[PDB]
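Tertiary structure, described
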Amino acid sequence: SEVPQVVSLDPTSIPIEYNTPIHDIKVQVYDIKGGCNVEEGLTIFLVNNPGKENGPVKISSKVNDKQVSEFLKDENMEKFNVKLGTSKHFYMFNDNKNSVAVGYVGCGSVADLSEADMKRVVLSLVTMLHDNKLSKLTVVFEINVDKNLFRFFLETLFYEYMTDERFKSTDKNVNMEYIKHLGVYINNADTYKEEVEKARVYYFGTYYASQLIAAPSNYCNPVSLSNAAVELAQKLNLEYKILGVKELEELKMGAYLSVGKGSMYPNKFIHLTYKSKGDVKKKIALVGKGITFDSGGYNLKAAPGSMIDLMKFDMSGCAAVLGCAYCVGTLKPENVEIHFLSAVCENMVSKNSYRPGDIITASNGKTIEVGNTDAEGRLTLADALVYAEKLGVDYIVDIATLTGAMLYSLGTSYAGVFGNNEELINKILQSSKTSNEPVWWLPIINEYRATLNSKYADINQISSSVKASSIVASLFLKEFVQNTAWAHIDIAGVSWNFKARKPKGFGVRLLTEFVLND
Amino acid sequence: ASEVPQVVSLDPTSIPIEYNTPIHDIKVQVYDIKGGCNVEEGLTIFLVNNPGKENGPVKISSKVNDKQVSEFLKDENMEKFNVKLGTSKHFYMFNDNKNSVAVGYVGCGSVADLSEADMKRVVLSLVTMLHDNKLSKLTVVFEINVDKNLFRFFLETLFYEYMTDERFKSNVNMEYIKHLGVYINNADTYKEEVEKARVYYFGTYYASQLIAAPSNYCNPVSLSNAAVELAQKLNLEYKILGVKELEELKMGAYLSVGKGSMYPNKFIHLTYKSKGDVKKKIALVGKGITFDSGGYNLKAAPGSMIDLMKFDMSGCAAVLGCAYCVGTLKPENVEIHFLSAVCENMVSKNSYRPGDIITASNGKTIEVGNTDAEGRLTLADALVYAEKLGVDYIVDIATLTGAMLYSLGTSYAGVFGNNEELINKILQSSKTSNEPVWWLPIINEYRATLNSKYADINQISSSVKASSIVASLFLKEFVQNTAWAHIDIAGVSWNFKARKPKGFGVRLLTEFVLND
Amino acid sequence: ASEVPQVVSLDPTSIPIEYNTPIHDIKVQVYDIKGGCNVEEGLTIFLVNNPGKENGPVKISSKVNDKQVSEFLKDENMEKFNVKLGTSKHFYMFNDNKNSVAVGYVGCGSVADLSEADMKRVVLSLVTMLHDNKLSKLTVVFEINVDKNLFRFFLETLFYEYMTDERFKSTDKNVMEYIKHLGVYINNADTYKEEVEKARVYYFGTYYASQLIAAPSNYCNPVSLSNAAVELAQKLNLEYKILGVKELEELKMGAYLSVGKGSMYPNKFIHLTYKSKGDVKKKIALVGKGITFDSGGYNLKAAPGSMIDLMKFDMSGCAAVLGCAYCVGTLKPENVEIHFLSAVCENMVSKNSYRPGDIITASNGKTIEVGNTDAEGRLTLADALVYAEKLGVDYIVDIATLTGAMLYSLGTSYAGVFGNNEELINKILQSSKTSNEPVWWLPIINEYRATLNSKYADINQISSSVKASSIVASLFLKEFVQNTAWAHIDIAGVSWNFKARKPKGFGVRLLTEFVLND
Ligand SMILES: CC(C)C[C@H](NC(=O)[C@@H](O)[C@H](N)Cc1ccccc1)C(=O)O
Ligand SMILES: CC(C)C[C@H](NC(=O)[C@@H](O)[C@H](N)Cc1ccccc1)C(=O)O
Ligand SMILES: CC(C)C[C@H](NC(=O)[C@@H](O)[C@H](N)Cc1ccccc1)C(=O)O
Ligand SMILES: [Mg+2]
Ligand SMILES: [Mg+2]
Ligand SMILES: [Mg+2]
Ligand SMILES: [Zn+2]
Ligand SMILES: [Zn+2]
Ligand SMILES: [Zn+2]
């Protein structure tokens, strides 16, 4: 419970914003066949031109205003093109003689937008919202989108529009004002209406994970992160328990505890549970790596390219799992019981730290020879997986910023999924599709298992000879699931948006769609 | 033949090649295990497992036709030994006729389905005995369960691992066997795999010979000479394009790479055509860099492995190895073009430079960001050449990106492509050849990193570290409207532990051509 | 016996040590070859060579007391096999009593005197025949010439390589049975019999050192390692004193204390004494470097190739000295008093650690400017050498994993010896010859002395200019011995068997032969 401090100025909680400005936006959806009213604020058309690379803009909607309809005639629009992510603003007086702003974002010439294309559209729309004090946005869909992509549009709009100012003090943006109303016109509106508040929920799970990830290691440490998790559980009425060191010692969690030895913050293992009222048909454990700062330990992140300054993000797994708890707790699916687990700790340099070469004993009795203190995530996950399997679940899914090698294999757009069960992997791939968080299935190559044979311990933490480190880490984790369907999502390459200098909150919507689909 | 230039008169002017190998003299017989075993002669090895009982005892069930060997094989003696994968024992003894025989076993663990990796460990253990034996016959008794493809793989791997390459040396511990007996259940169905294995073995071994051949022996001229000689022996159509023809074709990307080399570029084009109607045309394109120094981007960083870079023509060797198999097995209804833009990547006053803008044969200008990304430059022009042939499929195979070691490692190659059906055919070939491959994505979001400020395209990304995916995006720019796949064998081509090539890809490509 | 401090309750509080090993249960019988060999149960291996003829044929020359086995081993049958060094074959047949027997040979090549390295190769071949074969007995027939020392070395090596250290195995023990009996046939057997128990003692001292070296730094820390030394003294009836920090401060051991400042484990200085019951004619101090983990300190081992993961091995000098104590205490030489010393500590990174640049005062009052916290071994040895000279001994010999440069100079096979006294160096070289643990004499080059001149302190810990780091270390140590014959053995290159992934226990037999032959 109490966060230790070195000096009185050290923070004792993570600041967390629950009621965000996005939550105050009144959203209305209307059917496009009634025509568009253009009365105030900004009205943006989403337009493409199938076939025609950089083709002309042609506004097809009925617009219920003579002045605006006149402005938007093909002749007047012909100067402009649909190049993806392109946009323009128009200014005019409507029939009520009130000035309005109108514009468009180009959605290109391929009639089915990828998740990345749609994100490009949303970013252009967001630049129209920034540096312009507007009370209302209206979006007219003149493109084709399924229900999941419409929801993705809104989630992405909400998340990209929201600006995280929790750590601003003298430099808050004096000009940021958020719209209070969002109008949407789309064909077959009634079927899209359900997606609006689901988007709002998914936006918040994602933005909540993001807040946790962006919070630096002096704010977000094992104690404050587990305290935040308790507060979340209380707000959603989830069952919760936080296991402290004495309980962890009783459970013989020697791999997890060795990692956190050198830290000033005691280890805290988070265990939240959602249980549907009614028959429980699937039981699922979701396990998130929760290293609140990864210095590397005695194998210090000192090599060029090791990104030590980014390592507050090494609890992104735990944050995805807590974001997922927010969504599941809010949407209340039937027929399931979900355990949201994270072994939280910090990997530090101290007289008290574990050392390279140390032999430690995991909670399932396996001895492990530590070959590199910087492979700490798999040690904490090892004990968390053992704990998960004891719960008697149908599926165990872990999510973790586990290996830097992901940047060289899949890069920054797709997460890797590994697993011991093809049906579970397919469920995750399915969830990747409907969440629009991209994942690619990678193999657990058993030929490399022999490189984890230790001369002294039961197993080596790291390979001597294999450089395929994401596969080797999956081989190691596999040793801590005995007989349960298990998949492991490595988000090391996708978690942080290096270009925008912010978290993605990657995996919240993926894991939630996984729970919901099941 | 073109003459190979020499700096001194001691410089070699051809690659030595062994066509006739001791493996070719092995008479192979397959017998049904249901009849019991004849152990009267030579070295007999039982392949044995113990399901469930991990590292459990050896127990041999087969009846054998010798009372002395029966005694040796009794449960009480055999239980002194265990089945741990690759563990072996063998003993010399006298049979009923007082003739020297030897008898032993290789442990096959306690899992009934052996993977190709597992089967490799079994074979290595068998080969260790063979490299220290001298008896005229080996008999292998399968008391384990393998499918037809895995049985073929066993044979191929046995032949390949048993054969030792002594071309560059100037045992009194062994002699090559003249006979191989195999006892296995349903022997009749397995018999047809034998000569197929012997063909796949030599395709693989031939590729290996070319890869292991050092870069003073195997240069663009001697390698293309070797391909002409292979084509002649197989009756394939062949054409070697030299520098003047290559300039006429405007192959600026490929020619730029070889500018620094004393050896003129040579583009190998062999063709197999079926005697009956052609229903399918395929181009197989192999990366053919006979030595990759890196160029001005010299391989000087720790772990860059410049000492290994004679292996950078592994894709070319795999294609030529495939041409041996195809030219030998003679598939019907197919026309296959075997292609390689061969050159050497060197440091010279004459070399291309980082920064150069060069023009590929399809008109695209390319800004060179790194002279050690030379493979994709030579493949760009080879791909444009392939597409102009009007084929149904283009498959390229190349030691293209060091990043493979960090994504899939040393066991599985990666495949990328623009066509799902073709990728699935490659995956299926991978399953039947037992040369493992994994599908990796061409991620279009990374394509913008290849937008050059000056040229039509960048050779490399400044930002994206997913270099195998970026390389594939680059190559995809050189295939306009044909099903195409790219196999990156950088991680998988060289066997680091054994200090020798794998010949990776021969069987994969041959299976592709034969079964599709 | 001090309490081992723990960070968590799962931290181990002692080093596990096996004293009664399966090798100790083996009954050894030596027979003279003139009586013929009896060939019965187990496995009977002939060691055969063929002088002149590289890879020449096997010919078995011993009389075998069995007609069937004699027929089997006749020249005609054996000539199809060759003597290539390390090569081996197994034979199966029925003896004259109709009982199946296993026989075989190991090739010993064509050179009539085997080097220590060649013999190791023969033994490794023999061990592979023992492994994965449930045998009650092994019989070895020598048809090669070995002197008494080489015979003993054969047995020591056999025992050492055969013994498998499973102390840290839990779930992965080798489901491994040992022979109960070892028969040896050799010419002039009566003359070799005395080597058998000597070999068995030397095996254990070596294996004991090996157990200490392989024990990871969480098990083997300065408190637990000094407790193990106490236990060993109690078992052997050696005197002992363990000096703790209060006594070390009183003795002004500032160099040694500074190295340990960063550790959570208090320094412990080990002092064991063996004294012969008769008139003492020689007094000897053996000093071993005792760093239980070397992180480098603030000069962290982060450089590629710094092998931080192997640094549990930095107490290998101390282990060799304690292995020597075992042998000496067991064999009980006369007319000698031996002091076994080690300044044990751990070199860590902490708010409390010593710093690059710190100036510290050794117990002989010399001030030392610290140039690199990773040159910590010579600082601990400085103080241990001052203590040792105060004892009033005739010879001081230290042994230490002191400099990585040994790998570039002598490599992994030979240790280097440096000293201030040629008579003593020659004694060490003679011990090397009779122990078969190779050492080469290296110079202390006075010309480099000047590069240890400190602008501020009395001396520099390290050279800024000279890259010959092993010689520089020796020069520095020389300054802490005023008037006594001293030698220094640098075992950094030789201690760890990199290929086999285990210690050699190097130095035990060398130091024991030194003591015995004096
Ligand atoms: C020691 C290695 C085998 C494993 C090591 N893994 C780690 O450091 C993880 O604990 C890192 N948190 C993973 C990471 C590294 C760089 C960027 C993003 C994420 C890695 O270097 O990838
Ligand atoms: C600059 C990069 C995008 C590409 C570069 N590619 C190359 O060097 C190729 O020409 C190499 N032939 C690929 C290679 C590297 C290391 C081991 C085996 C194979 C590489 O370093 O992987
Ligand atoms: C700073 C240098 C002059 C001295 C430094 N010495 C050390 O690090 C010792 O404390 C090390 N124990 C030496 C070592 C390194 C690698 C393998 C075996 C032994 C060394 O690098 O050898
Ligand atoms: Mg790490
Ligand atoms: Mg290159
Ligand atoms: Mg050091
Ligand atoms: Zn981490
Ligand atoms: Zn290359
Ligand atoms: Zn040291």
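Residues numbered from 1 in each chain as written, not as in the entry; some residues may be left out. Chains lettered and ligands numbered in written order. Part of a larger assembly, values for the part shown. Heavy atoms only, no water. Residues with missing side-chain atoms left out of burial classes, pairs and counts.

As deposited, the entry is annotated with X-ray crystallography as its determination method and 2.00 Å as its resolution.

Some details on the site of ligand 2
Residue and element names in this part refer to chain B. Ligand 2 sits among 17 residues. The nearest are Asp292, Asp312, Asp372, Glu374 and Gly402. A distance of 3.2 Å is found between a nitrogen atom of ligand 2 and a backbone nitrogen or oxygen belonging to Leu400. Isolated, ligand 2 exposes 510 Å² of accessible area, and the fraction of that covered by the protein chains is 84%. Its residues assigned to classes, the shell around ligand 2 comprises five nonpolar, five polar and seven charged. (Near = heavy atom within 4 Å. Polar contact = N/O pair within 3.5 Å; in protein donor to acceptor, adjacent residues only side chain to side chain. Areas by Shrake-Rupley, 256 points an atom, 1.4 Å probe, with all protein chains shown as cover. Nonpolar A, V, L, I, M, F, W, Y, C, P; charged D, E, K, R; others polar.)

Structural notes on the UniProt feature "binding site: Zn(2+) 1" in chain A
Residue and element names in this part refer to chain A. Look at the UniProt record and you will see "binding site: Zn(2+) 1" annotated at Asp294, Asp374 and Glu376. Considering the C-alpha atoms alone, the annotated residues occupy 83 residues of sequence yet fold into one spot, their largest mutual distance being 8.3 Å. By the secondary structure assignment, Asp294 is in strand β10 (residues 290–294). Residues contacting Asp294, with those up to four places away along its chain left out, are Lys301, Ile308, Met311, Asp314, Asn347, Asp374 and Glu376. The exposure class of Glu376 is buried, given its relative accessible area of 0%. When sequence neighbours within four positions are dropped, the list of residues in contact with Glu376 reads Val259, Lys289, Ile291, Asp294, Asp314, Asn347, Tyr354 and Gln461. (UniProt positions renumbered as here; feature names shortened; annotations may be inferred. Helix = DSSP H or I, 4+ residues; strand = E, 2+ residues; numbered from the N terminus. Contact = heavy atoms within 4.5 Å. Buried < 20%, exposed > 50% of the residue type's maximum accessible area, 1.4 Å probe, protein only.)

A short note on the sheet that holds strand β14 (residues 415–419) of chain C
Residues and elements named next belong to chain C. Read from one edge to the other, the open sheet built from eight strands follows the order β7-β8-β10-β9-β13-β17-β14-β15, with strand pairing classed as mixed. What marks the edges here is a single partner per strand, and that holds for β7 (239–243) and β15 (439–441). Neighbour to neighbour, the strand axes of the sheet diverge by 20° on average, direction disregarded. Relative to strand β13 (residues 395–400), strand β9 (residues 282–294) runs parallel, the two being bridged by five bridges. Paired with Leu286 across the strands is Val397, a residue of β13. (Pairing = 2+ DSSP bridges. Axes fitted to C-alpha atoms, helices over the stretch in contact; angles between N-to-C directions.)

Structural notes on the site of ligand 1
Residue and element names in this part refer to chain A. Around ligand 1, the structure places 16 residues, and the nearest of them are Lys301, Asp314, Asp374, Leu402 and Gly404. Between ligand 1 and the protein, one listed contact pairs an oxygen atom with a side-chain N or O atom of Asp294 at 3.1 Å. When ligand 1 sits alone it has 520 Å² of accessible area, and the protein chains cover 82% of it. A per-class count over the shell around ligand 1 returns five nonpolar, four polar and seven charged.

Details of the environment of C:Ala492
Residue and element names in this part refer to chain C. Along the polypeptide, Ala492 turns up in the loop between β17 (485–490) and β18 (496–497). When its relative accessible area of 9% is taken as the criterion, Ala492 is described as buried. C-alpha separation for the pair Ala492 and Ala405, spaced 87 residues apart in sequence, amounts to 8.2 Å.

Things to note about the UniProt feature "binding site: Zn(2+) 2" in chain B
Residues and elements named next belong to chain B. What UniProt calls "binding site: Zn(2+) 2" maps, in this numbering, to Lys287, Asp292, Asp312 and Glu374. Sequence-wise these annotated residues cover 88 residues; spatially they are packed, their C-alpha atoms never more than 11.3 Å apart. Relative to the helices and strands, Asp312 is located in the loop between β10 (288–292) and α10 (314–329). Residues in contact with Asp312, not counting those within four places in the same chain, are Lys287, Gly288, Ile289, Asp292, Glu374 and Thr399. Among the structural elements, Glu374 can be located in the loop between β13 (365–367) and α11 (375–388). Here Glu374 falls in the buried class, since its relative accessible area comes to 0%. Setting aside anything within four residues of it in sequence, one finds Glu374 in contact with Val257, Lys287, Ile289, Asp292, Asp312, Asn345, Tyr352 and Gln459.

Concerning the sheet that holds strand β12 (residues 359–361) of chain A
Residue and element names in this part refer to chain A. If you trace the three strands from one edge of the open sheet to the other, you get β12-β13-β17, paired in mixed fashion. Edge positions in the open sheet fall to β12 and β17 (459–460), since each of these has one partner strand only. Of the pairings in the sheet, the one linking β12 to strand β13 (residues 367–369) comprises three bridges and is antiparallel in character. Residue pairing for β13: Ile360 is matched across the bridge by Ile368.

Section: the packing of aromatic side chains
One pair of aromatic rings is described through two measures. These are the centre distance and the angle between the planes. All chains considered together, the criterion is met by 74 aromatic pairs over all chains. Ring plane angle 50° and centroid distance 6.0 Å describe the contact between A:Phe204 and A:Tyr208, whose orientation is recorded as tilted. Highlighted residues: A:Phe204 and A:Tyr208, both in helix α5 (residues 194–214), separated by four residues, approximately one helical turn. Since its relative accessible area comes to 0%, A:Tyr208 is described here as buried. Over the ring of B:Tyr19 we find B:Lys233, and its NZ or CZ is 4.9 Å from the ring centre. Across from the ring centre of C:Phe480, 5.7 Å away, lies the NZ or CZ of C:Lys366, which sits over that ring. (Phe/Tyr/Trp six-rings, centres within 6.5 Å; stacked < 30°, edge-to-face > 60°. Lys NZ or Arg CZ within 6 Å of the ring centre and 35° of its normal.)

Looking at the coordination of the zinc ion (ligand 7)
Residue and element names in this part refer to chain A. Listed as protein donors to the zinc ion (ligand 7) are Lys289 (NZ), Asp294 (OD), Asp314 (OD) and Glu376 (OE); their distances from the metal cover 2.1 to 2.5 Å. In this structure, the zinc ion (ligand 7) is surrounded by six donor atoms whose angles at the metal cover 78 to 170°, and the resulting shape is octahedral. Of note, the donors binding the zinc ion (ligand 7) are all from one chain and are spaced K-x4-D-x19-D-x61-E. The distance between the zinc ion (ligand 7) and the magnesium ion (ligand 4) comes to 3.3 Å, and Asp294 binds to both of them. (Donors = N, O, S within 2.8 Å, 3.2 Å for Na, K, Ca; no water. Tetrahedral: all angles 85-135°; square planar, octahedral: opposite > 155°, others 65-115°.)

Section: the UniProt feature "active site" in chain A
Residues and elements named next belong to chain A. Feature annotation in UniProt places "active site" on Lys301 and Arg378, given in this structure's numbering. Checked against the element boundaries, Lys301 lands in the loop between β10 and α9 (316–331). Its place among the elements puts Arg378 in helix α10 (residues 377–390). Non-local contacts of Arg378, meaning those with residues more than four positions away in its chain, are made with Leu402, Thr403, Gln461, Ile462, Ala473, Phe476 and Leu477.

Quick notes on the environment of A:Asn98
Inspection of the secondary structure puts A:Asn98 in the loop between β3 (87–93) and β4 (99–106). The contact partners of A:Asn98, leaving out residues within four places of it in the chain, are A:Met92 and A:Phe93.

Looking at unusual backbone geometry
In terms of backbone geometry, most residues other than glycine have negative phi values and most peptide bonds are trans. Phi angles above zero are rare outside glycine, and A:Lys252 is one such case at about 60°. Relative to the helices and strands, A:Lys252 resides in the loop between α7 (245–250) and α8 (254–260). With a phi angle near 70°, C:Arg501 is a residue other than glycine that sits in the positive phi range. Note that C:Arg501 resides in the loop between β18 and β19 (502–503).

Structural notes on the pattern of salt bridges
According to the stated counting rule, one finds 67 salt bridges over all chains in the structure shown. With a shortest N-O distance of 3.3 Å, A:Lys193 and A:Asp190 are connected by a salt bridge. On the basis of relative accessible area, A:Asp190 is assigned to the exposed category, the value being 63%. Between C:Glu41 and C:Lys137 there is a salt bridge, with its nearest N and O atoms 3.4 Å apart. Here the residue C:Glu41 occupies a position in the loop between β1 (27–32) and β2 (43–48), and C:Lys137 occupies one in strand β5 (residues 137–142), the gap between them amounting to 96 residues. Within the structure, one salt-bridge network assembled from shared partners comprises B:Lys148, B:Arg152, B:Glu156, B:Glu192, B:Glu193, B:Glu435 and B:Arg507. (Salt bridge = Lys/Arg side-chain N within 4 Å of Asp/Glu carboxyl O.)

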